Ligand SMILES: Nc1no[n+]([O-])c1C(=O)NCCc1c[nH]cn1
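The data below hold one chain only, encoded as structure tokens and taken in the form solved without the ligand.
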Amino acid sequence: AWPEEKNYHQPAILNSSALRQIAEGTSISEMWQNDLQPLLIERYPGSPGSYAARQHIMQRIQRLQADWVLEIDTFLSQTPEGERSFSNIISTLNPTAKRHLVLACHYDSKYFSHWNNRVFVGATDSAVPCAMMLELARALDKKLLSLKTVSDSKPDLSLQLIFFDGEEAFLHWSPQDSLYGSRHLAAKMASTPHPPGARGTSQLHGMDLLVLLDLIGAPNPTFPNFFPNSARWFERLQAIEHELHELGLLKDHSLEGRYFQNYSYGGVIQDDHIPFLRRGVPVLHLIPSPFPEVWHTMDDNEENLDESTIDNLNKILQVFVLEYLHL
């Protein structure tokens, strides 16, 4: 019965004053300095930056008041370069709650040989998504702390963050050389009872919706509404964007240049959501089409990021998450 609850779940929509509070509650400059910059480093699996990125992400979550439970999902896999260790970071509020809304991105960076003394740091791909998730945890900390309180008056639902390792191919993208962390974690969750002691249901049944952020940070992104089974949630993002715009709460933003689009997409994008989608998890895939102009080039750097765009998207995402969780 409970695994169907997601199908009927409704947002608790925020009023104008709440929207203004949320818009003012997030700081793009603080995210930039404290959450984003430490990640703008080479961080392919096993590199010093991989370890540093992991420490940084964990550290930033630990300093918060909300009752986050951190779990490092570490495993080995063969790769074109030989065996490597990969570590997914999972951060969960109320780990025994039957349902979670799940926000995710990948924290590894793709390996490139150094080019004119330049290194690939994957600013949009996906350092910015990581930082947006960390800034969301910080900005909403007091609201999220309320989830620590037990009540029959609300659904058994909370929030999880996943930072996937090993999303990127080491060489040429193949089913075997990509998605190392997400293929591993989806298989693990599929085979794990949830809630503990349950018959039938797995941790995948507990995932209300996977909201996967990827390739965010370029100016004027356009996100297609990819999947019918999450289209109603996508439409909430459009509505939040529109209302925030109308309230004067977005920066350098026009209705003509809005981010969340009516149209869908005519191909199939491979990303960390694939192992989840194929097992039936609803996915809201916040990846733009087209990809950023700088995609997989040395120009995917801090210079080419757009502050206002990320700030706007932070506001929209934070409203979405609060409305989903009825906070």
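Residue numbers here begin at 1 and follow the sequence given.
There is another form of the same protein, the form solved in complex with the ligand; it is not shown, and what comes next is about it.
Partner contact region in the deposited bound form: 295-303, out of 43-51, 25-33, 59-67, 295-303, criterion any non-hydrogen atom within 4.5 Å of the ligand.
Interface residue remark: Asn229 is counted as part of the site for the ligand in the deposited bound form, having a heavy atom within 4.5 Å. For the chain shown alone, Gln270 is a contact residue for the ligand in the deposited bound form, at least one non-hydrogen atom being within 4.5 angstroms. Although the partner is absent here, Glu241 sits far enough away that none of its heavy atoms falls within 4.5 Å of the ligand in the deposited bound form.
Contact annotation for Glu167: at least one heavy atom lies within 4.5 Å of the ligand in the deposited bound form. Proximity to the ligand in the deposited bound form holds for none of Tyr8, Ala97 and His205, with the criterion being a heavy atom within 4.5 Å.
In sequence order, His106, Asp125 are the residues of 101-139 having a heavy atom within 4.5 Å of the ligand in the deposited bound form; the partner itself is omitted from this view.
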